[PDB]
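Working notes, structure below.
Convention: sequence-line order gives letters A, B, ...; per-chain numbering from 1. Just so it is clear, the values below take in all heavy atoms, side chains as well, and ignore hydrogens, waters and symmetry mates.
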Amino acid sequence: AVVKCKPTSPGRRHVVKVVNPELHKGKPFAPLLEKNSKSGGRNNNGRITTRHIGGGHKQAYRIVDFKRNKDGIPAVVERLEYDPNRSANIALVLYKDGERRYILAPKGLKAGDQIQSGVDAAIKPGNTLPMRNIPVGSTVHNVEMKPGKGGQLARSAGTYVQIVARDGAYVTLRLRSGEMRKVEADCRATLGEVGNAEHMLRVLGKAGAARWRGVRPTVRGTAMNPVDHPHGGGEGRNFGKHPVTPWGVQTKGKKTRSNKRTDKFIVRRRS
Amino acid sequence: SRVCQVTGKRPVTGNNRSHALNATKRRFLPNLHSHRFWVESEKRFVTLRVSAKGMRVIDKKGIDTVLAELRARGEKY
Amino acid sequence: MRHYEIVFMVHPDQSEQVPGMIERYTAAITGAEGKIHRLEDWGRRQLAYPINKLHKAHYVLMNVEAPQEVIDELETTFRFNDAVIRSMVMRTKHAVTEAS
Amino acid sequence: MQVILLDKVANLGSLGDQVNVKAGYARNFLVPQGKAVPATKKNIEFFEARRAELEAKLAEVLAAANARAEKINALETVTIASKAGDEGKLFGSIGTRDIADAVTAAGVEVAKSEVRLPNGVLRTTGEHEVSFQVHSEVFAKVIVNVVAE
RNA sequence: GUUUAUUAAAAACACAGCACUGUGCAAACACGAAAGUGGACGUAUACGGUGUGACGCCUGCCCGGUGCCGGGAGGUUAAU
Ligand SMILES: [Mg+2]
Ligand SMILES: [Mg+2]
Ligand SMILES: [Mg+2]
Ligand SMILES: [Mg+2]
Ligand SMILES: [Mg+2]
Ligand SMILES: [Mg+2]
Ligand SMILES: [Mg+2]
Ligand SMILES: [Mg+2]
Ligand SMILES: [Mg+2]
Ligand SMILES: [Mg+2]
Ligand SMILES: [Mg+2]
Ligand SMILES: [Mg+2]
Ligand SMILES: [Mg+2]
Ligand SMILES: [Mg+2]
Ligand SMILES: [Mg+2]
Ligand SMILES: [Mg+2]
Ligand SMILES: [Mg+2]
Ligand SMILES: [Mg+2]
Ligand code: NA
């Protein structure tokens with residue numbers, strides 16, 4: 001799965017590819033596609049609000065079923081498909097009634113496996129249940145934060161959530177960041193980890209590989225002039241300043257979370 | 001905009017005076033809050049963006065009295 | 001065919017549903033062309049130490065002759081059943097019918 | 001805020017007092033519900049002078065037929081359908097919704113919000129001691145059973 | 001590869017890689033008086049910021065100063 005490229009040229013010497021032979025070679029399921037136009041990090045006002053965004057390959061958007069609300073009807077996986085939008089791979093599933101959908105592909109999922117959602121579903125991976133029927137200690141992913149919201153936690157490749165406790169109406173989750181968080185037990189989760197766990201093992205190898213992922217170069221603040229960045233100035237590699245964002249806020253350790261609305265759900269912050 | 005529907009209170013302008021009496025322009029904003037008011041006559045709730053003083057006015061008078069004045073002014077609710 | 005000895009302890013609040021559990025599992029083994037040799041039901045026994053802050057666990061013993069796949073799905077049933085505490089499956093290399 | 005009451009309030013009401021409540025209590029709870037109206041002199045005579053007895057009789061003849069539950073036990077200990085697996089373990093829980101409609105003739109007779117569940121929504125096969133608040137002091141104690149069909 | 005259009009193409013910038021740090025999602029952050037938008041129809045194997053800069057072998061001591069993080073007993077301390 002992880003292949004080192006031979007150094008036939010610089011820019012190829014350090015490339016490490018993540019090759020999955022089970023990904024569908026061919027076109028994605030057209031009914032579940034739609035346009036996803038690039039923004040270049042610009043917003044309503046046409047101004048850069050997120051730096052280092054722009055370019056990269058054109059990408060169609062795959063409508064992935066995060067809700068997983070086709071309860072009781074079994075589905076069979078037919079393809080593992082590459083998704084340019086997420087780090088995870090997606091699986092095309094066919095329900096018994098003839099409906100096809102895209103779901104996040106869990107680790108042990110391949111073509112032909114059976115999945116279903118609902119309260120009566122089994123505890124095999126790829127099945128979606130409320131975290132009230134899922135046993136405590138189970139490894140889940142695609143976790144809803146509100147009942148019916150859709151599933152926002154543990155969606156990246158190789159990620160998962162551990163159900164740590166169930167105090168009746170709520171369930172405590174250990175997130176991939178190490179944070180303990182309360183979630184309503186009626187929220188839904190898919191059993192197993194997210195597949196494509198070797199995604200983090202890839203090495204881009206060259207500047208161009210990041211460029212065609214839509215990532216524009218980052219200029220260090222200390223390389224700028226004082227008018228551009230709080231870092232910057234000096235007759236050759238001077239810093240003499242506490243590291244800050246381009247807008248003067250201290251970076252290198254300073255809590256920026258200020259919600260007061262969701263702290264009731266956070267059992268313990270990450271460490 | 002930030003206007004009380006009952007009293008007509010809107011942002012007024014003033015100065016920030018420092019200890020050195022430096023004057024910088026500032027706005028005084030009304031204490032506005034959207035609030036669903038129960039209209040006993042019409043068997044329904046009417047949401048109004050009112051200042052806190054506007055709420056006190058609605059308690060002093062009736063809600064119907066204030067709605068009549070709002071209707072007279074052309075203020076839609 | 002392999003001989004297994006299954007001892008599983010049940011929460012002493014679902015004990016009145018234990019007979020429902022018993023015939024569900026025996027049907028699974030018999031349905032899969034197995035055969036139950038012993039089906040002793042020891043009832044509500046004191047534990048030697050608290051398990052899940054409990055005592056009085058309901059012990060059920062059964063010696064069966066089933067194929068592997070039935071046993072694993074039986075163990076899976078025990079694992080995901082919260083009314084079952086501390087199941088225990090062992091090979092016995094012989095059918096056992098004598099009482100305990 | 002001075003307010004004149006229209007019915008029995010738990011901790012400050014005697015159906016005719018002019019207690020001094022906080023503005024939020026009157027504005028958001030007491031007035032929008034039929035419990036009190038502001039104590040303007042307009043209302044005070046327009047309360048005391050002519051209805052100091054007719055709303056008293058209306059409340060009393062309304063407390064009657066509400067204190068008349070007639071649903072302390074509707075038919076028997078009512079048995080309600082549900083979908084569940086083994087070991088009890090109600091898959092689809094029973095809530096204030098399902099209790100109300102099933103206990104009555106398809107929910108027409110009784111409303112949905114007067115169902116009190118001390119144990120919360122029902123999550124296991126069995127009979128549970130659910131309450132029923134038809135009126136401000138009415139506690140109907142129907143036993144509801146749930147069966148996995 | 002990029003750069004001072006019009007005296008500087010470089011050892012400068014970027015870079016893949018590395019590390020720290022923030023961020024549990026109505027994310028942080030940014031643009032906006034706000035609505036809203038980008039981040040992202042993404043979800044910690046993600047995203048932002050900062051420094052360093054393939055790779056190899058490595059990265060030692062100091063928390064006194066400044067900053068940041070945590071604690072709150074005590075002292076001081078605003079409006080009221
Ligand atoms: Mg960036
Ligand atoms: Mg970088
Ligand atoms: Mg840089
Ligand atoms: Mg310079
Ligand atoms: Mg500056
Ligand atoms: Mg500098
Ligand atoms: Mg410099
Ligand atoms: Mg120097
Ligand atoms: Mg250029
Ligand atoms: Mg040029
Ligand atoms: Mg030049
Ligand atoms: Mg020049
Ligand atoms: Mg030149
Ligand atoms: Mg420079
Ligand atoms: Mg340069
Ligand atoms: Mg450098
Ligand atoms: Mg120190
Ligand atoms: Mg401190
Ligand atoms: Na220090």
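Within the 4.0 angstrom heavy-atom criterion, base atoms lie near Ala157(A). Contacts of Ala88(A) with the nucleic acid, taken as non-hydrogen atoms under 4.0 Å apart, are absent. Across all strands shown, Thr262(A) has heavy atoms under 4.0 Å from sugar-phosphate atoms exclusively, and none from any base. Residue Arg216(A) is out of contact with every strand shown, counting any heavy-atom pair closer than 4.0 Å. If you check every strand for non-hydrogen atoms under 4.0 Å, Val15(A) touches nothing. Within the nucleic acid shown, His141(A) has no heavy atom closer than 4.0 Å to any nucleic acid atom. Nucleic acid contact class of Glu198(A) (heavy atoms, under 4.0 Å, all strands): none. Looking at heavy-atom distances under 4.0 Å, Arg211(A) makes no contact with the nucleic acid at all.
With respect to the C1'-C2'-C3'-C4' torsion, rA16(E) shows a north sugar, the value lying on the positive side. Using the sign of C1'-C2'-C3'-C4' as the criterion, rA10(E) is classed as north-puckered. Judged by the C1'-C2'-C3'-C4' torsion, which is positive here, the sugar of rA30(E) sits on the north, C3'-endo side. A negative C1'-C2'-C3'-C4' dihedral is found for the sugar of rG24(E), placing it in the south range.
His33(B) has its ring centre no less than 6.0 Å from the ring centre of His35(B).
No hydrogens or angles were tested; on distance alone, a donor-acceptor pair under 3.5 Å links the side chain of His14(A) to the base of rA54(E). Remark: the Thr50(A) side chain and the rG39(E) base include no donor-acceptor N/O pair separated by less than 3.5 Å. Between the side chain of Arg257(A) and the base of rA27(E) there is no donor-acceptor pair of N/O atoms closer than 3.5 Å. Below the 3.5 angstrom threshold, one finds a donor paired with an acceptor across the side chain of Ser177(A) and the base of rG24(E). Side-chain N/O atoms of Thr245(A) and base N/O atoms of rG49(E) include no donor-acceptor pair closer than 3.5 Å. Taking only distance into account, the side chain of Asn44(A) never meets the base of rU37(E) through a donor-acceptor pair shorter than 3.5 Å.
Comparing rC47(E) with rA16(E), their P atoms are spaced 13 Å from each other, to the whole Å.
There is a side-chain donor-acceptor pair under 3.5 Å between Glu81(A) and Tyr102(A). For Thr262(A) and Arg257(A), the side-chain atoms include at least one donor-acceptor pair closer than 3.5 Å. For the 3.5 Å distance criterion, the side chains of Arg270(A) and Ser177(A) fail to qualify, holding no donor opposite an acceptor. Residues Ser51(B) and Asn31(B) bring no donor and acceptor atom of their side chains to less than 3.5 Å of each other.
Within a 6.0 Å sphere centred on CZ of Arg10(B), heavy atoms belonging to other residues, nucleotides or ligands number 12 at most.
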Please, what dot-bracket string fits RNA chain E when only Watson-Crick and G-U pairs with both distances under 3.5 Å count, crossing ones use [ ] and pairs to another strand use |? ((.........))...(((((((.....(((....))).......)))))))............................
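Place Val215(A) and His242(A) on RNA chain E by their nearest nucleotides, and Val215(A) ends up nearer the 5' end. The residue among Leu204(A) and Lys255(A) whose nearest nucleotide of RNA chain E is located toward the 5' end is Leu204(A).
Between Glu22(A) and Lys110(A) there is no salt bridge, since no side-chain nitrogen of the basic residue lies less than 4.0 Å from a carboxylate oxygen of the acidic one. Between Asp65(A) and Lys70(A) there is no salt bridge, since none of the side-chain N atoms of the basic residue sits less than 4.0 Å from a carboxylate O of the acidic one.
You'll find that the side chain of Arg176(A) is closest to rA44(E), out of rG51(E), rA46(E), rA44(E). Each of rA54(E), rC13(E), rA44(E) was ranked by its minimum atom distance to the side chain of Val219(A); first place goes to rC13(E). In the set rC41(E), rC25(E), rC68(E), the nucleotide with an atom closest to the side chain of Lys254(A) is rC68(E). Proximity note for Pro246(A) (side chain, C-beta onward) versus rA44(E), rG39(E), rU50(E): the nearest is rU50(E).
Residue ring and base: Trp247(A) does not count as stacked with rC29(E) (centre distance below 5.5 Å and interplanar angle below 30° not both satisfied).
OP1 or OP2 of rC13(E) lies within a sub-4.0 Å distance of a side-chain N or O belonging to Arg220(A). The side chain of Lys149(A) contributes an N or O atom lying less than 4.0 Å from OP1 or OP2 of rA26(E).
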